[PDB]
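S.K.: Take a look at this one; I'll ask things after.
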Ligand SMILES: Nc1ncnc2c1ncn2[C@@H]1O[C@H](COP(=O)(O)OP(=O)(O)O)[C@@H](O)[C@H]1O
Ligand SMILES: Nc1ncnc2c1ncn2[C@@H]1O[C@H](COP(=O)(O)OP(=O)(O)O)[C@@H](O)[C@H]1O
Ligand SMILES: [Mg+2]
Ligand SMILES: [Mg+2]
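Protein chains in written order, with PDB author numbering: chain A, -1 to 21, 25 to 365; chain B, -1 to 21, 25 to 365; chain F, 4 to 231; chain H, 5 to 180, 190 to 194, 199 to 208.
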């Protein structure tokens, strides 16, 4: 109980914001672990499932110590202070005192020894990739994760290193998404399941740069180093399904179409679809796709658009939200749809690059 | 009869958006009254309390008629259509058909004779003012309105014309806001109460321009003409309190301070205030203001800032949310606070112009 | 408290002082008797057109507001501007005025709220209840019969409208209370040309007084026409 | 079916034998709720010998002479009957509860009175007159719901006759003295 440090306001805002995010649920879990070790300041925030540590260089006189402090209050104080102000922080009793000019703040604290510390494990696979590659791997598959499912292995994203490429897979039992990006070094074959909130926090820590991303995948934890932030999260102890066994083996029907014109056609047809079941039916024929939808109010919407298709005629139903999510993830020119029959999965991918694929199961 | 018209998509979007806004609560109230009269198209939308009419010039062949159609569905269709597309609309049975290219939509309709038509009254006071003046009168007083109070006359804004100026007043029994702007013509003394939702809809219809605002205040209704939109709203049949009887008569304490530094000081003190009551206490002294606050967690925050003040020393409490709303409405350099004692109202206004005044009642 | 409140002064021209007694001598006696402290009762005041039912509710509110008691007035004809959840907590008030309770006939959403509010001030004490209407509580076709027997449970009074004689000196009563002077030739002129509409008569006084203030001339018979 | 045996009360406490002063405001409201068809609830309270029971008997005889059903419940003689005797009295035109302070601390009787109040409240056309020693707020009742209901109505204080009005009240019964004068219960009994 003798911690004391002084640091500019511009050196705390970004580290505080990285440790003060979406994280209810327990008294000390809403606090930040401040700890001064000559001559750096460490700010930690966790939720028993993942932790986030930021280090701040202290060039001004300081004294070693440690304590905890309400995150949102401490962040709003430092954020509310004028630009360029110095922040003097010291411990007086069971509370922390923040001083900046003629402003004095007293925050109730909790003992730093009661803070949940993640047991340091043994790292295994370690690689370094740019932030743009990690953001692409996440964005292309994130939307296909499940939310609080009994299939706990689906409530997250599968990070899989295989030789030269790093691949991310996500599925919810109705649709699957898989993306793959190459790196510069050879990696041992390894696959882990990063939780939902872990995937969310892993992407929001990515900024413009220009710093690379050091990733340390372990036996039961994953750690990402970028800048002075060290994100660590536990892994989902489960067996993720094989996505290669899901991809439609040997389809006989291929359809190419403009990605935008297809997206806008489904978007207009979704207007008159069922508000709850979101049902639309696709009718493929000779160089033509006919999308129709109707609602319990007996309001029908018909969308016909010219496509490049030569296979046999088929009528297949779909959840328009799942199809639109795929077309939104494919920020490209033209898309490719590979079908088999009306009661089997359909693979959608970009007609240009094949680095990311999507599979959606139809409706009856 | 047989209603039928054809119009470009770019002629409908803005009229549709203005007549289809956030407005539950009755089947036909969620529909738009379409009516073709050679050679214009009228789109009407109401909520039993106010109506919104837009006129669209039809230069393409059409047939007179009238019907109703779900607003949000019909808007999303015209908005979802490609840019520059022509929209063919005609009635086939008990439903309306929309055609644009290879897109066909069928929308369930309700009889146009069942649409609530506002009884045309006799206009009285009529004037024309720019949109920027009307937006200033609203923004400077809107936040002080009451929401769903037994004092039904407080659930709105008071429009009062007096000679050369148009003045808006709003209060909720805890704080009052009054703004006054001059026009170019002499107006008869008249005062009406525009409802909350009427004020909301009156401001969102204001755009960049460059068209003036024709306002027709009547005995029990108000009508605003801008562009091709005609907004009409009923008036609150009540007696609005006298704001001149509220203004602190003969205060003996005047405080000038920087608006920004004062706003940021209250914002930082509000962090450690009570989450529910938002209680802060101001201590005015010799050229100094001391703002303090504390919460049930026994966390205290102190903000001292240099001001220009010579009156007697006083400690007065306030709801920090009410004070911050006034300082946010005063987008100015310096502010002026006129006080009397700790248990009486305090007038806050801009130190430069006196076109708008604010009154906030303290706390015990 | 906390906190305090704004000294919002509304048209206080409707008090017991500006209200003419006849022929409601028995009603005004019992009305001022439940406004005693402490007395908790329920009075029902039904009448037809312009008898001053809202006047006596505004008079009873200002009577307790002038001595620091908390009050509540619920105009059920303007109920389209608020919600039935505004009655919650009014059982802690010294006086609750329910104006025009015949407007919720068939409004099961509001009848239940009024019904619940009655029981809440009945289980508690020190809550004066004054309700007005068009017709006696039995002549009020309510959906919930439990509420009809509760509006029946109390003292019911029939408000009597002012005679054309008392109507004149009621207009003159508002003149002396407001400050101006209404002579007897102008008053008997407004009762002819405005056709004895008391709602608009006292409403026209502001138009005739203000235009006479900004002159500043005295009220003469042709002056009213010039103001018109 | 069945008709009732004609029993006449052996007393003389009718309204005609009752003196107005100084309870002029009380008698005005008392005779107002006795008029058909609407009803209400009036509470009377006084110290001793003021005539709280005299007015109940007078209100009973007022409606009994015009064929209305009435019920008088002396709560001071409740040791001779049971609380279940209040059941069905919600169908009567008038119910008189005399000396309601005697059930202070008697949960068995407080609940019976409390249930009887709500029964005539859920229905209509049932005049309720209750007398007591102290105002309803000064009644020590174990049931707080009943206390707020007894205070829910018009409450009047009964003013006992002065020694002057007491004299001419005695002669009023002789038509239908100073030596005998000051306990009114025994004075009218002496005649
Ligand atoms: N006895 C009276 N003395 C003075 N003014 C009265 C009297 N009765 C009615 N008025 C006036 O007549 C006007 C009409 O009242 P109104 O609101 O129509 O009553 P109600 O609500 O019963 O219809 C009121 O503004 C009131 O000031
Ligand atoms: N105002 C009155 N006029 C005539 N007699 C009265 C009056 N008040 C009381 N009395 C006499 O007193 C008796 C009233 O009964 P009492 O025992 O006093 O009832 P309570 O105990 O409830 O006051 C009657 O016999 C009546 O003759
Ligand atoms: Mg009225
Ligand atoms: Mg007795």
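Here a beta-carbon is modelled for each residue, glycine too, at the ideal position from N, C-alpha and C.
Consult DSSP for residue 20 of chain H and reduce its assignment to one of helix, strand or coil.
M.R.: Helix, per DSSP.
S.K.: Does residue 157 of chain H pass the burial test, meaning 16 or more other C-beta atoms within 10 Å, or should it be called exposed?
M.R.: Buried.
S.K.: Does the beta carbon of residue 55 of chain F sit closer than 8 Å to a beta carbon anywhere in chain B?
M.R.: No - not a single Cβ of chain B is within 8 Å of the one on residue 55 of chain F.
S.K.: Decide if residue 152 of chain A is buried, meaning its Cβ has at least 16 other Cβ atoms within 10 Å, or exposed.
M.R.: Exposed, since its Cβ has fewer than 16 Cβ neighbours within 10 Å.
S.K.: Listing by chain order, which chain F residues have their CB less than 8 Å from the CB of residue 119 of chain H?
M.R.: Near residue 119 of chain H there are no residues of chain F at all, since even the closest Cβ is about 15 Å away, more than 8 Å.
S.K.: Should the region 169 to 185 of chain B be called in touch with the region 321 to 332 of chain B, which here means at least 3 C-beta pairs below 8 Å?
M.R.: Segments in contact, yes.
S.K.: Rounded to whole angstroms, what is the Cα-Cα separation between residue 2 of chain F and residue 111 of chain F?
M.R.: Residue 2 of chain F cannot be examined here, being either before or after the span of chain F that is shown, 4 to 231.
S.K.: Which chain B residues are close to residue 254 of chain A, counting only those with a beta carbon under 9 Å from its beta carbon?
M.R.: Ordered by position in chain B, no residue passes the 9 Å Cβ test against residue 254 of chain A, which lies about 22 Å from the chain.
S.K.: Using the three-state DSSP reduction, which class does residue 3 of chain B fall into: helix, strand or coil?
M.R.: Residue 3 of chain B: strand per DSSP, three-state reduction.
S.K.: Could you check whether the region 274 to 282 of chain B touches the region 229 to 246 of chain B, counting it as contact only if at least three pairs of C-beta atoms, one from each stretch, sit closer than 8 Å?
M.R.: No, the region 274 to 282 of chain B does not touch the region 229 to 246 of chain B.
S.K.: Taking the alpha-carbon positions, what's the residue 347 of chain A to residue 249 of chain A distance?
M.R.: If you take the alpha carbons of residue 347 of chain A and residue 249 of chain A, they lie about 7 Å apart.
S.K.: Leaving out five residues on either side along the sequence, give the residues of the same chain with a beta carbon under 6 Å from the beta carbon of residue 314 of chain A.
M.R.: The residues are 286.
S.K.: Using beta-carbon positions only, say whether residue 195 of chain A and residue 157 of chain A come within less than 8 Å of one another.
M.R.: In contact: residue 195 of chain A and residue 157 of chain A (Cβ atoms closer than 8 Å).
S.K.: Run through DSSP, which three-state label would residue 139 of chain H get?
M.R.: Three-state result, residue 139 of chain H: coil.
S.K.: Leaving out five residues on either side along the sequence, give the residues of the same chain with a beta carbon under 7 Å from the beta carbon of residue 65 of chain F.
M.R.: 15 and 18, listed in sequence order.
S.K.: With DSSP run on the structure shown, which of helix, strand or coil describes residue 252 of chain A?
M.R.: DSSP places residue 252 of chain A in coil when its eight states are reduced to three.
S.K.: Report the neighbours of residue 125 of chain F on chain B: residues whose CB is nearer than 7 Å to its CB, in chain order.
M.R.: Within 7 Å Cβ-Cβ: nothing; residue 125 of chain F doesn't reach chain B, min ~21 Å.
S.K.: Between residue 47 of chain B and residue 117 of chain B, is the Cβ-Cβ spacing less than 8 Å?
M.R.: Cβ atoms of residue 47 of chain B and residue 117 of chain B: closer than 8 Å.
S.K.: Below 8 Å on C-beta distance, what does residue 153 of chain F contact in chain H?
M.R.: Near residue 153 of chain F (Cβ distances below 8 Å), the residues of chain H are 125.
S.K.: Interface residues of chain B around residue 24 of chain A at Cβ under 7 Å?
M.R.: One cannot assign coordinates to residue 24 of chain A, given that chain A in this structure leaps from 21 to 25.
S.K.: Name the one or two DSSP bridge partners that residue 258 of chain B has.
M.R.: In DSSP, residue 258 of chain B forms a bridge with B:336.
S.K.: Which chain F residues sit within Cβ distance under 7 Å of residue 156 of chain H?
M.R.: Correct list: 43 and 125.
S.K.: Candidates A:186, A:230 and A:127: which alpha carbon is nearest residue 14 of chain A's?
M.R.: Among A:186, A:230 and A:127, the Cα nearest to that of residue 14 of chain A belongs to A:230.
S.K.: Run through the region 59 to 107 of chain A for me and flag every whole alpha helix (DSSP H) of 4 or more residues, listed as ranges in chain order.
M.R.: Listed in chain order, the complete alpha helix (DSSP H) runs (minimum 4 residues) inside the region 59 to 107 of chain A are 72 to 81.
S.K.: Give me the Cα-Cα distance between residue 283 of chain B and residue 42 of chain F, rounded to the nearest whole angstrom.
M.R.: One C-alpha to the other measures close to 42 Å.
S.K.: Given the structure, does residue 245 of chain B come close to ligand 3, in the sense that its CB is under 7 Å from one of the ligand's heavy atoms?
M.R.: False, no ligand heavy atom lies under 7 Å from that Cβ.
S.K.: Should residue 254 of chain B go down as buried or exposed, given a rule of 16 or more other Cβ atoms within 10 Å for buried?
M.R.: Answer is buried; the Cβ neighbour count reaches 16.
S.K.: Is the region 84 to 101 of chain H touching the region 106 to 120 of chain F in the sense that three or more CB pairs, one from each, lie closer than 8 Å?
M.R.: These segments do not touch.
S.K.: Ligand 2 and residue 56 of chain H: does any heavy atom of the ligand fall closer than 7 Å to the residue's C-beta?
M.R.: Indeed, a heavy atom of ligand 2 lies less than 7 Å from the Cβ.
S.K.: To which residues of the same chain is residue 41 of chain A closer than 8 Å at the C-beta, ignoring the five residues directly before and after it?
M.R.: So the list reads 56, 57, 58 and 59, once near-sequence residues are dropped.
S.K.: Leaving out five residues on either side along the sequence, give the residues of the same chain with a beta carbon under 8 Å from the beta carbon of residue 167 of chain F.
M.R.: The residues are 194 and 199.
S.K.: May I ask you to check if the CB of residue 49 of chain H is nearer than 7 Å to at least one heavy atom of ligand 2?
M.R.: Incorrect: residue 49 of chain H has no Cβ contact closer than 7 Å to ligand 2.
S.K.: Please report the straight-line C-alpha distance between residue 330 of chain B and residue 21 of chain B, rounded to a whole angstrom.
M.R.: Whole-angstrom Cα-Cα distance: 27 Å.
S.K.: I'd like to know whether the C-beta atoms of residue 135 of chain H and residue 28 of chain H end up nearer to each other than 8 Å.
M.R.: Contact flag unset, no.
S.K.: Which bits of chain F does residue 153 of chain B rub up against, with CB to CB less than 8 Å?
M.R.: Result: 78, 81, 84 and 85.
S.K.: Buried or exposed, going by whether 16 or more other CB atoms sit within 10 Å of the CB of residue 278 of chain A?
M.R.: Answer is exposed; the Cβ neighbour count stays below 16.
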